[PDB]
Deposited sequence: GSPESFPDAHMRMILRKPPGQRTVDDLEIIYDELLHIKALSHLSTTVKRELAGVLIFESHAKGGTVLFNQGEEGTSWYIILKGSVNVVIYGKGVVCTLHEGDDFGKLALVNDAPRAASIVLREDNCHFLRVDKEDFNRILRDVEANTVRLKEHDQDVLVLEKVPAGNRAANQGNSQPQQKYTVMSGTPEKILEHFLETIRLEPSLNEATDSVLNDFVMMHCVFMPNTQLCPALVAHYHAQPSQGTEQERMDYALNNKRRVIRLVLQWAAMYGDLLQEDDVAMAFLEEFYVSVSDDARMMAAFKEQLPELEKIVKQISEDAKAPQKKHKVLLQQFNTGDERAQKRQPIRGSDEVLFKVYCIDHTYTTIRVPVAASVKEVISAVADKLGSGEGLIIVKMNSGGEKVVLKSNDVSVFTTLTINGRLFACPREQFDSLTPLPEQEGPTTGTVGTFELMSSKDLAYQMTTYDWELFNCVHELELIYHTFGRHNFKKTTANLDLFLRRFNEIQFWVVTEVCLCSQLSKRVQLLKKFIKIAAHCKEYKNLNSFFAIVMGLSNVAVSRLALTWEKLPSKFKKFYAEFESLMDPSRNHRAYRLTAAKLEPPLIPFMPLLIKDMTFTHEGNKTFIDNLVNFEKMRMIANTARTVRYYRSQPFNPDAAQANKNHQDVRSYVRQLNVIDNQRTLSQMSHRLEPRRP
């Protein structure tokens, strides 16, 4: 029987095969496989015996050439820097992951006892017989806990794991061959982008240093030297991707800046002494509207109930507690201030001490008040919040629809390119969790409302019915030119301004509009149909090519529901399936911005809008234009 199972596959007789198959039926690791599959395996499965404990089946770093089932005895799973991470016993199988992913072995397998017996299936046989059938989740284990869960979604991809095991996984599977540059970077991108949620720099940077200096615990001197050299090239590659993701954001992180400076010293010393890193060392040497930074300082007015104010000077990323303390420095108080945002319509929100970088989250005409709690209900808005009382039609009427739309789109591109991809993550998971600003995202989001309220403001301040018909016409044209420049954000902002209750009320104005522009507008409006998850908008944006500005409210909605719809941790493990979903949404933005976009009076106008954002005021004005 062992004789039979020792015979080369091609030397097994029909009755050998039959006898083998009947025995395969008593093996629990094959129990979920079909009859068809098990008779194929009868001709291909190898019996392997080894006498001595401490015998090595395979080593970490090697190519995956076999899948094994333990028949008798036990084995240690051994990992450089951790020793024996677990032990497998009679009935367990191992070695499938490397085979299927065409990845290096992530562990050595060492016989734990004398006289162990194995069933082994080699690679080409595994791939023809078992690849889409041996579909068990891969569950890597350390000290009797799951540490990495991978599944077929064709390779096994990471579904969940610990931060450390996920890092170890993404490090090891880096391919250094130049022909694979883009593929390797793509694979690393989810980790490099999303680690801030589950493995912040305080933990990641020491982990990277530890990995950089890792040494194998097995092999000849040359083998050990080569392993550790490629390990270091892999760590360097990851650091390069990590550094590139942050760009200028690294200055906000002292830990990360200190790590990278010291890492550069390590690599240049090692490059010299080991004569290595010829390509990677110069890459690393490089690294060692303009965007607002969290450490930039703001001069900000904070109001009292009597409408006097204090001017504070604090970092953009200051918390509400830091704002309160700065205000108290200047008012010389110990009388329990709260910070309240106040809208032009008198709507008030108390901020939490916890809230960070609140300055850019005010509405268009919002202000910040500091007051004792007893004053909350008596606060009243400032005249400056209430917006203009005279139109600007006389200015922009004399500007071409095309020039306006173009200058709008140019300014919109400066604002959109100022937003770092990481701000989308910080905004979604909550700013206080990172103590980072999303100032650039905040100001770009506010632009949508500014444009929208610009439309409503100018229509509602236009007393003459005739000129008001010409306004409606001109905005419809401005929108059409925005959509032509692929600025879908500012296009929907104008269309939605036109849809505002205060503007749609004006039958005498709409009735009088040439039905050419009535049809243009009715179509724009249908593009906003929320039906079947904004299918009309979705397909529209889908047809377009890279240099485009998407409909930003729907992007924020997508991100919100990705975060709320999905748990960050599953059984105390990072839910990496969620991480990829978030990272995909942010790479959509990267794609929109992957190609560049190709009259000082028009420029100045478009960039200095003054707007009414008090809906009550606008409706009152509307009602007296057309009762």
Q. How would you list, in order, the spans of the deposited sequence that the model does not cover?
A. 1-10, 164-178, 314-343, 654-662, 692-694
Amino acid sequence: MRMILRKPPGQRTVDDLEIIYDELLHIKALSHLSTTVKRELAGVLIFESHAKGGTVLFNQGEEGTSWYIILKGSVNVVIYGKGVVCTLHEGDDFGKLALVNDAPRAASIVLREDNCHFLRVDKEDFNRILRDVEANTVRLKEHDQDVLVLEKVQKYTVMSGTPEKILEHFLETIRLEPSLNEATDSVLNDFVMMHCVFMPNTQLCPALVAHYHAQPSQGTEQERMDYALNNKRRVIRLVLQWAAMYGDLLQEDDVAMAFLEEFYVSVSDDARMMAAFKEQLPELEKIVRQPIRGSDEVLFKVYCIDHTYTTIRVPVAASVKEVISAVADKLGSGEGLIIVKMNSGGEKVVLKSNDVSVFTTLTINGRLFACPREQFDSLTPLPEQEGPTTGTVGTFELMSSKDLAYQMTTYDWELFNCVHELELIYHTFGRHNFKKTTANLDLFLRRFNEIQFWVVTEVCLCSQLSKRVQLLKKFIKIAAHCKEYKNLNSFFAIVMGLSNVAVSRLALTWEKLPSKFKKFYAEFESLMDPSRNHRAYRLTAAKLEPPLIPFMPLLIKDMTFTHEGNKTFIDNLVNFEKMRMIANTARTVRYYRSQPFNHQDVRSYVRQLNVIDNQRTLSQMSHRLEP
From here on, numbers count along this sequence of modelled residues.
Q.
Highest mean C-alpha temperature factor of the two stretches 107-115 and 539-547, which is it?
A. 539-547
Q: Name the higher of the two by mean Cα B-factor in the PDB entry, 48-56 versus 572-580.
A: 48-56
Q) If you compare 177, 226, 450, 377, which has the highest Cα B-factor in the entry? A) 177
Q.
Quiz for you: based on the deposited Cα B-factor, which of 419, 342, 513, 235 is highest?
A. 513
Q. What third of the chain, by the recorded C-alpha B-factor, contains residue 492?
A. middle
Q) What third of its chain's C-alpha B-factors does residue 609 belong to: lowest, middle or highest? A) middle
(Q) Using only modelled residues of the chain, where does the Cα B factor of residue 164 rank: lowest third, middle third or highest third? (A) lowest
Q: Grab the CA temperature factor for residue 127 from the record and place it in the lowest, middle or highest third of its chain.
A: highest
Q.
Using the temperature factors of the C-alpha atoms in this entry, rank residue 36 within its chain: lowest, middle or highest third.
A. middle
